[PDB]
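A short write-up of the structure that comes next.
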Number of protein chains: 2
Amino acid sequence: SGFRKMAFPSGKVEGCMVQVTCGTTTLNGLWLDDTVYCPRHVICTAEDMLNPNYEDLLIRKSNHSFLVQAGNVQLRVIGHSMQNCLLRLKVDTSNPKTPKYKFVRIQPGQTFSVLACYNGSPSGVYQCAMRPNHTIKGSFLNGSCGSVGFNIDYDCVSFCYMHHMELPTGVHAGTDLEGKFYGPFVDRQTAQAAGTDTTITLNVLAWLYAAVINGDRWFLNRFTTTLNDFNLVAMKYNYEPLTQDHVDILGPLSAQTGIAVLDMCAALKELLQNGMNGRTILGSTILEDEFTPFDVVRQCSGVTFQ
Amino acid sequence: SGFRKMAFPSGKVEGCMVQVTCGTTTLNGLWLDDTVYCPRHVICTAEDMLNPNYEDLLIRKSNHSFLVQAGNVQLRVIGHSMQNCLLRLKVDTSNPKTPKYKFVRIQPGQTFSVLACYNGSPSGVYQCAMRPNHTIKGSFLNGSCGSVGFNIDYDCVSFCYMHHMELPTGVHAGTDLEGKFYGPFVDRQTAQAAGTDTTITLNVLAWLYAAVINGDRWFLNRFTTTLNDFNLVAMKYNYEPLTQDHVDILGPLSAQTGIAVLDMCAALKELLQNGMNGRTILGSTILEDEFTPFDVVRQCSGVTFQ
Ligand SMILES: *[C@@H](CC(=O)OCC)[C@H](C[C@@H]1CCNC1=O)NC(=O)[C@H](Cc1ccccc1)NC(=O)[C@H](COC(C)(C)C)NC(=O)OCc1ccccc1
Ligand SMILES: *[C@@H](CC(=O)OCC)[C@H](C[C@@H]1CCNC1=O)NC(=O)[C@H](Cc1ccccc1)NC(=O)[C@H](COC(C)(C)C)NC(=O)OCc1ccccc1
């Protein structure tokens with residue numbers, strides 16, 4: 001029993017974190033086989049973070065412009081190239097701790113673990129959702145750039161995020177490991193703001209199923225709803241519209257609990273309209289939207305506490 | 001910016017997790033140097049979990065009664081002994097991945113990271129506080145026994161918890177790494193219940209400081225309180241009494257924000273009496289009590305957003 005925001009074990013990722021220095025700028029890099037990946041803003045001049053031309057900045061660099069440190073060991077850079085908003089540095093040594101890995105671009109509403117890092121040294125690990133507005137609600141300080149997000153399946157690490165910047169609202173923006181930003185953001189310190197965010201409906205429903213699996217039914221009701229009638233309410237409360245695909249994704253959780261998806265939607269409709277009446281769900285006074293259906297299945301028992 | 005429940009990176013601990021089997025019972029063990037530590041209830045007969053006499057059960061075992069698996073490698077047991085509620089198994093191989101480590105008994109209100117494990121395989125990592133009633137609000141399923149809790153300072157792992165049991169309320173009980181239970185619990189399936197819990201006042205105050213450091217002041221007020229007058233209110237709302245030692249611990253956070261501890265106590269008094277008026281603090285609609293002053297200092301900027 002219990003239900004916690006749970007990150008993946010971070011060991012396979014810790015073995016890949018290095019420090020990258022260009023001029024007086026230091027940030028984190030990710031070392032896989034003979035390549036080190038890092039945010040390309042490491043090459044920005046101290047004087048110009050507003051209008052960098054990265055092609056013009058990079059052509060002025062040699063391999064020995066870049067210093068790469070893995071623990072106390074210096075890695076010699078033997079090649080470099082830009083890929084979108086990252087740099088790919090070739091080094092003289094393949095990382096002996098390289099795990100089985102893939103690069104994946106995650107989708108809005110999906111979750112991942114973040115390994116917060118400073119000066120190539122891992123400091124903490126926590127779970128994040130990719131928000132509908134393509135930001136994450138992370139926890140990052142100066143020095144955290146190049147920290148990575150990932151998921152693990154069996155023994156394969158799926159890297160999905162590298163950290164680049166903080167927006168005015170205190171939320172975070174970054175790229176996949178091909179260097180393409182999540183959302184409309186750009187790596188320059190020109191004024192940018194996160195779009196309006198939305199509550200991840202699918203995740204709220206998954207979490208209500210988690211609550212039932214774990215033994216709590218207080219918030220259910222005798223009613224049902226149509227998908228379209230639910231969506232009228234969803235719009236009012238700034239929830240994402242529910243789709244048939246989302247209904248199908250919830251099949252396994254529905255089956256384990258014996259609660260039809262549209263019946264759980266009716267329960268959710270009532271919670272939105274009436275509130276929770278001073279009660280909690282899985283220890284929460286609010287409706288949680290950062291657990292996916294996959295996350296619920298991973299963490300909860302396969303046997304419902306009936 | 002941001003504020004998240006953040007666990008320590010788990011790699012140093014993952015390298016120590018093994019599987020221990022006696023008869024048909026399998027659980028997790030912790031492998032450090034040439035010793036494997038695990039819950040002694042691994043030796044319980046399938047028929048008797050109510051009244052085991054562990055001395056009588058253990059004397060009936062040989063070294064080869066115990067099977068220890070590290071990944072796909074079998075570790076030969078060459079000695080065994082009971083220490084309180086754990087078994088200490090001596091094995092033929094010292095763990096080459098043994099980190100610098102200490103065993104520490106943590107105190108109520110303090111936090112640690114839990115590495116949830118099944119069949120010797122780490123599955124997830126999350127942060128827990130030791131509750132005043134000596135339980136933790138974990139997330140554990142069948143097979144999780146022997147999962148460990150820890151903190152990390154510099155490169156030293158301070159192990160503080162090994163998991164043994166779940167109580168009727170869905171909360172968790174276990175031992176330190178000397179095998180002594182936290183709280184009045186015993187490792188037998190005789191009826192037991194967690195004592196009434198209390199809110200960790202020191203942590204709530206630390207978290208209010210975190211909110212100020214990160215830029216939010218909405219909940220402050222023009223008032224102060226005496227320690228004793230605060231405690232009258234604390235009793236009413238089931239908060240731990242605040243002591244001068246707790247006031248002294250909050251010195252550094254008070255200094256960084258320019259908010260005197262008793263002034264923050266007045267702010268907290270008002271929040272208890274009046275509620276939060278539909279507002280949130282660090283994204284929370286309630287008062288969070290699972291971040292210590294140390295946790296706040298670890299995670300927040302050393303510069304207040306004034
Ligand atoms: C990682 C690098 C670093 O630490 O540099 C030293 C400050 C850092 C990660 C953030 C630090 C605190 N929390 C974080 O998540 N990233 C940066 O500082 C970004 C650096 C950069 C990006 C692109 C080109 C060149 C440099 N910059 C930002 O995150 C910046 C905010 O700066 C700080 C110092 C306040 C964090 N964000 C930004 O410029 O957003 C666009 C914007 C929005 C509104 C007004 C102006 C600009
Ligand atoms: C770890 C071992 C395991 O998985 O065994 C197979 C079930 C497991 C961890 C819990 C599983 C689910 N969540 C957990 O945190 N621990 C146990 O199952 C404990 C085993 C044990 C303890 C002491 C002597 C011998 C065996 N037992 C319990 O946690 C038990 C609850 O059992 C389950 C199966 C429902 C989890 N708790 C208990 O007996 O508490 C005392 C009590 C309270 C009220 C009425 C009767 C007894």
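Each chain in the structure tokens gets a letter, A, B and so on, in the order shown; residues start at 1 in every chain, and ligands are counted from 1 in the order they appear.
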Would you mind listing what lies within 10 Å of residue 205 of chain B as a PDB file with C-alpha atoms, in the first residue's frame, with only C-alpha atoms counted and same-chain residues fewer than 4 positions away left out?
ATOM      1  CA  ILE B 200       6.130  18.004  12.354  1.00  0.00           C
ATOM      2  CA  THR B 201       6.079  21.709  13.275  1.00  0.00           C
ATOM      3  CA  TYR B 209      11.054  29.745   4.815  1.00  0.00           C
ATOM      4  CA  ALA B 210      11.553  27.834   1.519  1.00  0.00           C
ATOM      5  CA  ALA B 211       8.499  29.625   0.172  1.00  0.00           C
ATOM      6  CA  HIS B 246      13.921  24.106  17.035  1.00  0.00           C
ATOM      7  CA  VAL B 247      14.047  27.914  17.067  1.00  0.00           C
ATOM      8  CA  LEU B 250      15.930  27.710  12.125  1.00  0.00           C
ATOM      9  CA  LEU B 253      16.891  30.284   7.326  1.00  0.00           C
ATOM     10  CA  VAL B 261      11.441  32.648  13.891  1.00  0.00           C
ATOM     11  CA  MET B 264       7.217  33.065  11.191  1.00  0.00           C
ATOM     12  CA  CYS B 265       5.417  31.284  14.064  1.00  0.00           C
ATOM     13  CA  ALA B 267       2.382  33.625  10.387  1.00  0.00           C
ATOM     14  CA  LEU B 268       1.879  29.887  10.955  1.00  0.00           C
ATOM     15  CA  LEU B 287       1.046  22.880   5.013  1.00  0.00           C
ATOM     16  CA  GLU B 288       3.793  20.442   4.097  1.00  0.00           C
ATOM     17  CA  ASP B 289       5.697  18.741   6.940  1.00  0.00           C
ATOM     18  CA  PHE B 291      10.963  18.883   4.431  1.00  0.00           C
ATOM     19  CA  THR B 292      13.569  19.489   7.151  1.00  0.00           C
ATOM     20  CA  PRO B 293      15.525  22.724   7.603  1.00  0.00           C
TER      21      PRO B 293
END
Output the contact residues of chain A with respect to chain B at a cut-off of 9 Å, based on only C-alpha atoms, as number ranges by chain. A: 1-15, 115-116, 122-127, 137-142, 166, 170-172, 285-286, 299-301
Hey, can you spit out that residue selection with C-alpha atoms as a PDB file, in the first residue's frame?
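Writing done, so here's out_22.pdb:
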ATOM      1  CA  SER A   1       0.000   0.000   0.000  1.00  0.00           C
ATOM      2  CA  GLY A   2       0.888   3.689  -0.234  1.00  0.00           C
ATOM      3  CA  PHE A   3       1.294   5.966  -3.222  1.00  0.00           C
ATOM      4  CA  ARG A   4       4.269   8.213  -3.794  1.00  0.00           C
ATOM      5  CA  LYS A   5       5.817  10.231  -6.588  1.00  0.00           C
ATOM      6  CA  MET A   6       8.466   7.695  -7.468  1.00  0.00           C
ATOM      7  CA  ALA A   7      11.525   8.294  -9.658  1.00  0.00           C
ATOM      8  CA  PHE A   8      13.486   5.572 -11.445  1.00  0.00           C
ATOM      9  CA  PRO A   9      16.716   4.447  -9.745  1.00  0.00           C
ATOM     10  CA  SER A  10      19.342   6.878 -11.032  1.00  0.00           C
ATOM     11  CA  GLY A  11      22.561   4.805 -10.988  1.00  0.00           C
ATOM     12  CA  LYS A  12      22.762   4.090 -14.718  1.00  0.00           C
ATOM     13  CA  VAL A  13      22.467   7.818 -15.383  1.00  0.00           C
ATOM     14  CA  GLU A  14      24.886   8.982 -12.621  1.00  0.00           C
ATOM     15  CA  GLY A  15      27.655   7.013 -14.408  1.00  0.00           C
ATOM     16  CA  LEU A 115      18.642  13.779 -12.194  1.00  0.00           C
ATOM     17  CA  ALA A 116      19.532  17.260 -10.963  1.00  0.00           C
ATOM     18  CA  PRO A 122      24.465  14.361  -9.320  1.00  0.00           C
ATOM     19  CA  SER A 123      22.654  16.071  -6.412  1.00  0.00           C
ATOM     20  CA  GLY A 124      19.066  14.743  -6.422  1.00  0.00           C
ATOM     21  CA  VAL A 125      16.388  12.845  -8.271  1.00  0.00           C
ATOM     22  CA  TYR A 126      12.681  13.596  -8.666  1.00  0.00           C
ATOM     23  CA  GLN A 127       9.727  12.861 -10.921  1.00  0.00           C
ATOM     24  CA  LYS A 137       7.758  22.097 -12.883  1.00  0.00           C
ATOM     25  CA  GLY A 138      11.304  21.219 -11.854  1.00  0.00           C
ATOM     26  CA  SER A 139      13.642  22.333  -9.126  1.00  0.00           C
ATOM     27  CA  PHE A 140      16.856  23.770 -10.562  1.00  0.00           C
ATOM     28  CA  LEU A 141      19.498  26.297  -9.497  1.00  0.00           C
ATOM     29  CA  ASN A 142      22.417  28.009 -11.256  1.00  0.00           C
ATOM     30  CA  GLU A 166      14.078  28.807 -16.486  1.00  0.00           C
ATOM     31  CA  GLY A 170       9.681  29.590 -12.224  1.00  0.00           C
ATOM     32  CA  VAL A 171       9.081  26.669 -14.597  1.00  0.00           C
ATOM     33  CA  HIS A 172      11.611  24.936 -16.791  1.00  0.00           C
ATOM     34  CA  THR A 285      -6.634  17.465  -0.837  1.00  0.00           C
ATOM     35  CA  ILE A 286      -6.508  18.172  -4.590  1.00  0.00           C
ATOM     36  CA  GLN A 299       3.402   1.238  -8.628  1.00  0.00           C
ATOM     37  CA  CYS A 300       0.035  -0.163  -7.489  1.00  0.00           C
ATOM     38  CA  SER A 301      -0.815  -3.739  -6.659  1.00  0.00           C
TER      39      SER A 301
END
So, with only C-alpha atoms as the atoms that count, which of A:148, A:212, A:78, A:272 lies closest to residue 258 of chain A?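 Among the listed residues, A:212 lies closest to residue 258 of chain A.
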Report, in Å with one decimal, the straight-line distance from atom CA of residue 67 of chain A to atom 42 (C, counted along the ligand's line) of ligand 1.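 Atom-to-atom, atom CA of residue 67 of chain A to atom 42 (C, counted along the ligand's line) of ligand 1, that is 28.2 Å.
For the residues B:28, B:72, B:19, B:107, ranking by smallest atom-to-atom distance to residue 145 of chain B using only C-alpha atoms places B:28 first.
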Near segment 232-243 of chain B, counting only C-alpha atoms, which residues have an atom at most 9 Å away, once you skip same-chain residues fewer than 4 positions from it, shown as a PyMOL selection string? chain B and resi 132+197-202+227-228+247-248+269+272-273
Would you export the selected residues with C-alpha atoms as a CSV table (one decimal), in the first residue's frame, please?
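selection.csv, freshly written:
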chain,number,residue,atom,x,y,z
B,132,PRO,CA,6.7,11.2,15.1
B,197,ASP,CA,0.6,10.8,14.7
B,198,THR,CA,1.5,14.5,15.0
B,199,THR,CA,2.4,17.2,12.4
B,200,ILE,CA,6.1,18.0,12.4
B,201,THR,CA,6.1,21.7,13.3
B,202,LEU,CA,9.8,22.3,12.6
B,227,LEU,CA,6.9,30.4,22.2
B,228,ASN,CA,4.4,29.4,24.9
B,247,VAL,CA,14.0,27.9,17.1
B,248,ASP,CA,17.9,27.8,17.1
B,269,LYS,CA,-0.6,30.5,13.8
B,272,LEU,CA,-3.8,27.4,11.3
B,273,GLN,CA,-6.6,29.6,12.6
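Distance-wise, atom 4 (O, counted along the ligand's line) of ligand 2 and atom CA of residue 88 of chain B end up 19.5 Å apart.
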Using only C-alpha atoms, pick whichever of A:58, A:297, A:249, A:30 has the shortest atom-to-atom distance to residue 150 of chain A. A:30
When DSSP is applied to the backbone of this structure, which of segment 8-249 of chain A are assigned strand (DSSP E or B)? Write them out as JSON, numbers by chain. {"A": [17, 18, 19, 20, 21, 22, 25, 26, 27, 28, 29, 30, 31, 32, 35, 36, 37, 38, 39, 66, 67, 68, 69, 70, 73, 74, 75, 77, 78, 79, 80, 81, 82, 83, 86, 87, 88, 89, 90, 91, 100, 101, 102, 103, 111, 112, 113, 114, 115, 116, 117, 118, 121, 122, 123, 124, 125, 126, 127, 128, 129, 136, 148, 149, 150, 151, 152, 153, 156, 157, 158, 159, 160, 161, 162, 163, 164, 165, 166, 172, 173, 174, 175, 181, 199, 239]}
Out of B:39, B:29, B:108, B:99, which residue has the shortest atom-to-atom distance to residue 133 of chain B when counting only C-alpha atoms?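 Among B:39, B:29, B:108, B:99, it is B:108 that comes nearest to residue 133 of chain B.
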Atom CA of residue 23 of chain B sits from atom CA of residue 178 of chain B at a separation of 24.2 Å
